[PDB]
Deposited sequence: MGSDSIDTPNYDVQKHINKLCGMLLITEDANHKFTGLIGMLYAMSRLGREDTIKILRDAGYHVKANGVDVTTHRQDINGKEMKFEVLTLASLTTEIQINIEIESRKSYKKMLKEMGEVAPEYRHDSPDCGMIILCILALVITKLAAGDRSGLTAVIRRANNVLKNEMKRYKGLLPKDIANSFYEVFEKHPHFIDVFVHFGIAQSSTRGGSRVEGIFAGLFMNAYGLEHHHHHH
């Protein structure tokens, strides 16, 4: 079975991406998967299945639940996604460690600005810009060093916004996720085609569109 998220969880997957982007020295092991989860939630359940069946699937339903876990001696509640490719243990640990980082940011500059927060609507698309680069290198794996050099150029402002935007750590998760699941490549190519078929929007959506076309 494989996780097929619909539109309903797209906002939750974006907050997952953002919690990673705000974490100081973030573990980007699951970033390659979460990025693909976000692009799937943008396509929907029906589309993701259609792409994977046409390419040549056991569709898993993704809904939000409440898991009660004990942290620092007391039990706490957390919003988690029903995923087979990502455990609740992995999901909860991204949150508490992003909370420690937010707590640290708060001690430095008081209450955090929308564009520096994990719940910013850009987060998931910022991540997708890294794999748009990784796809551009695979289409034409030694090109890792050029993805890092490109990410510093076009994602300068965004890298200035988030401490967890570590291109090397992120790019590598997509390289690995595309190698260990080649079906995500077809998912992402379809995603970016439907995405570059929008004549405006946001700055990140604008960098993604330009980066995707380069490939």
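For this session: Take the full deposited sequence, match it to the modelled residues, and report the stretches without C-alphas.
Result: According to the record, the gaps fall at 1-4, 61-62, 147-148, 224-233.
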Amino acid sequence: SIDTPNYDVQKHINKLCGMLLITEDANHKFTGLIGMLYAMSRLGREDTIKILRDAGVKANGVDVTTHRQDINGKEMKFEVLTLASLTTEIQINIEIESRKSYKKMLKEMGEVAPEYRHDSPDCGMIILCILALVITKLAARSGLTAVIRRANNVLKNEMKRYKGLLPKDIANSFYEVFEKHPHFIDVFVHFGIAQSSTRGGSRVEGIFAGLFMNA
From here on, numbers count along this sequence of modelled residues.
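Exercise. What stretch has the higher average Cα B-factor here, 124-132 or 67-75?
Worked result: If you average the C-alpha B-factors of 124-132 and of 67-75, the larger mean comes out for 67-75.
Exercise. As stated in the PDB record, which stretch has the larger average Cα B-factor, 12-20 or 197-205?
Worked result: On average, C-alpha B-factors are higher across 197-205.
Exercise. According to the PDB entry, is the CA B factor of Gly56 in the bottom, middle or top third of its chain, that is, lowest, middle or highest?
Worked result: It falls in the top third of the chain.
Exercise. Lowest, middle or highest third: where is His190 by C-alpha B factor in its chain?
Worked result: Lowest third, going by the recorded CA B-factors of the chain.
For this session: Rank-wise, by C-alpha B-factor, drop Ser142 into the lowest, middle or highest third of its chain.
Result: CA B-factor rank for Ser142: highest third.
Problem set entry | Entry-reported Cα temperature factor of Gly164, expressed as the chain third it lands in | Within its chain, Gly164 is a middle-third residue by C-alpha B-factor, going by the deposited values.
For this session: Select lowest, middle or highest to describe the third in which the CA B-factor of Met40 falls within its chain in this entry.
Result: Within its chain, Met40 is a lowest-third residue by C-alpha B-factor, going by the deposited values.
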